[PDB]
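Numbering (PDB author numbering), first residue to last: 1 to 162. To keep things clear, I will list the structure first and then write my remarks on it.
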């Protein structure tokens with residue numbers, strides 16, 4: 001199991017350019033193509049990015065290529081974040097993964113608003129908080145997601161997904 005695989009499961013994979021929910025183009029797992037207001041625009045972004053003919057469709061390892069970079073960038077944003085760095089640092093390598101998963105869905109701004117479970121989280125309270133997480137619009141919006149998420153946060157385990 002890994003964040004990639006955790007995400008394949010979670011939001012899934014798209015290997016051909018799909019314009020999203022809010023116009024963006026996207027490929028792989030949430031990899032935004034920020035420079036395209038087109039699609040032709042989108043393929044260039046893309047070919048260029050990976051550096052091949054691609055033609056609006058990348059392999060599998062390619063999608064992981066991009067994701068990985070997405071993960072790193074995300075890690076960077078958290079670390080410069082005051083509400084978040086402390087918690088994150090305090091997390092294990094499994095829980096951090098879970099915390100990122102949350103980022104990939106709602107984004108920093110989002111995650112950050114959860115001013116409370118994070119406190120518990122920072123404070124090791126593995127169930128109180130996980131209990132705190134079920135009372136969120138998030139829990140209600142995406143249930144099998146949220147479940148699977150506060151269980152990587154309840155147990156330090158890929159038990160869920162695996």
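The beta carbon of each residue, even a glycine, is placed where N, CA and C say it ideally should be.
Span separating the alpha-carbon of residue i from that of residue j
i: residue 108; j: residue 157; result: 23 Å
i: residue 21; j: residue 61; result: 25 Å
i: residue 89; j: residue 18; result: 35 Å
i: residue 52; j: residue 40; result: 15 Å
i: residue 140; j: residue 3; result: 23 Å
i: residue 76; j: residue 122; result: 19 Å
i: residue 100; j: residue 80; result: 14 Å
i: residue 6; j: residue 44; result: 29 Å
i: residue 124; j: residue 78; result: 19 Å
i: residue 120; j: residue 13; result: 32 Å
i: residue 69; j: residue 54; result: 19 Å
i: residue 164; j: residue 136; result: No answer is possible for residue 164: the residues shown for the chain start at 1 and end at 162.
i: residue 128; j: residue 63; result: 36 Å
i: residue 146; j: residue 96; result: 15 Å
Helix, strand or coil at residue i [DSSP, three-state]
i: residue 109; result: helix
i: residue 58; result: coil
i: residue 85; result: helix
i: residue 15; result: strand
i: residue 25; result: strand
i: residue 39; result: coil
i: residue 209; result: Residue coverage of the chain in this structure runs from 1 to 162, which leaves residue 209 outside it and unanswerable.
i: residue 63; result: helix
i: residue 102; result: helix
i: residue 146; result: helix
Candidates the options, of which the one nearest residue i by Cα
i: residue 23; options: 29, 16, 113, 33; result: 33
i: residue 110; options: 95, 53, 138; result: 138
i: residue 130; options: 141, 47, 152; result: 152
i: residue 94; options: 142, 154, 16; result: 154
i: residue 28; options: 57, 1, 48; result: 57
Under 7 Å between C-beta atoms of residue i and residue j
i: residue 30; j: residue 104; result: yes
i: residue 169; j: residue 112; result: The question about residue 169 has no answer here: the residues shown for the chain are numbered 1 through 162.
i: residue 25; j: residue 35; result: no
i: residue 132; j: residue 116; result: yes
i: residue 74; j: residue 149; result: no
i: residue 229; j: residue 9; result: This structure cannot settle anything about residue 229, because the visible part of the chain is limited to 1 through 162.
i: residue 118; j: residue 87; result: yes
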